[PDB]
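Colleague: piece number one of the complex, untouched:
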Amino acid sequence: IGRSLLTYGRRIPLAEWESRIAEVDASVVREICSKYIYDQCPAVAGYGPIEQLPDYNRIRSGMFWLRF
């Protein structure tokens, strides 16, 4: 209740969440994942024995496919 009234201005009932969930389909997932993930620059953090953590260019090039 508290978090919702601060963030949304209103309590969202479980029924509305269910109606929102029911609309997703594979096409929606494809679209929105592409809208936020595909060919984007990431933020990376590492701590430990991280010699083998790939170079930043190698990580950036992993955000897209050449066969697409």
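Modeller: Nice, I can see it. Residues are numbered from 1 along each chain as shown, chains lettered A, B, ... in the order given.
Colleague: thinking residue A:56 is in contact with residue A:44, fair?
Modeller: Yes - assessed by C-beta atoms under 8 Å, residue A:56 is found in contact with residue A:44 at 7.0 Å. To be clear about C-beta, it is placed using only N, CA and C from the backbone, and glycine gets the same treatment.
Colleague: burial count for residue A:54?
Modeller: Using other C-beta atoms under 10 Å, residue A:54 has 11 other residues around it.
Colleague: and what of residue A:59?
Modeller: Considering only other C-beta under 10 Å, residue A:59 is surrounded by 13 other residues.
Colleague: what of residue A:17?
Modeller: Other residues close to residue A:17 by other C-beta under 10 Å number 10.
Colleague: how far off centre is stretch A:55-62?
Modeller: 18 Å (C-alpha atoms, centre = their mean, to the nearest Å).
Colleague: give me the contacts around that stretch.
Modeller: Residues outside stretch A:55-62 that contact it (C-beta atoms under 8 Å, 6 or more residues apart in numbering) are A:41-42, A:44, A:54.
Colleague: go on, stretch A:16-36?
Modeller: Outside stretch A:16-36, no residue touches it (C-beta under 8 Å, 6+ apart).
Colleague: let's add chain B too:
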Amino acid sequence: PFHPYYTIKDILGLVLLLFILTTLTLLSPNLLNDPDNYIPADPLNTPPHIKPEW
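Modeller: One more piece, chain B, placed on the ones above:
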């Protein structure tokens, strides 16, 4: 890692070498050339001035 850093670096080097090679081939082909090798061979006479390839 070698890729991508030195891959693109060596490609740049190759582009430069090709520029030089083309200019030598087309714009000034006779720069290093020797006239005495445009005379066919004569087993009886050595020319007065002898000079190998540079």
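Colleague: the contacts of stretch A:55-62 again please, this time with chain B.
Modeller: Here stretch A:55-62 makes contact (C-beta atoms under 8 Å, 6 or more residues apart in numbering or on different chains) with A:41-42, A:44, A:54, B:1, B:3-5.
Colleague: need the three-state assignment for residue A:46.
Modeller: coil (DSSP: H, G, I helix; E, B strand; the rest coil).
Colleague: what is the neighbour count of it?
Modeller: By the criterion of other C-beta atoms under 10 Å in any protein chain shown, residue A:46 has 7 neighbours.
Colleague: go ahead and confirm it touches residue A:54.
Modeller: No - counting by C-beta under 8 Å, residue A:46 sits too far from residue A:54 to count as a contact (10.2 Å).
Colleague: any chance of the contacts of stretch A:55-62 in CSV with distance to residue B:23 and secondary structure as columns?
Modeller: As requested, the contacts of stretch A:55-62 are exported to CSV (distance: C-beta to C-beta, whole Å; DSSP: H, G, I helix; E, B strand; the rest coil):
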residue, distance to residue B:23, secondary structure
A:41, 40, coil
A:42, 44, coil
A:44, 45, coil
A:54, 41, coil
B:1, 34, coil
B:3, 31, coil
B:4, 29, coil
B:5, 28, helix
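Colleague: which one of those residues sits closest to residue A:15?
Modeller: residue A:42 (36.2 Å; C-beta to C-beta).
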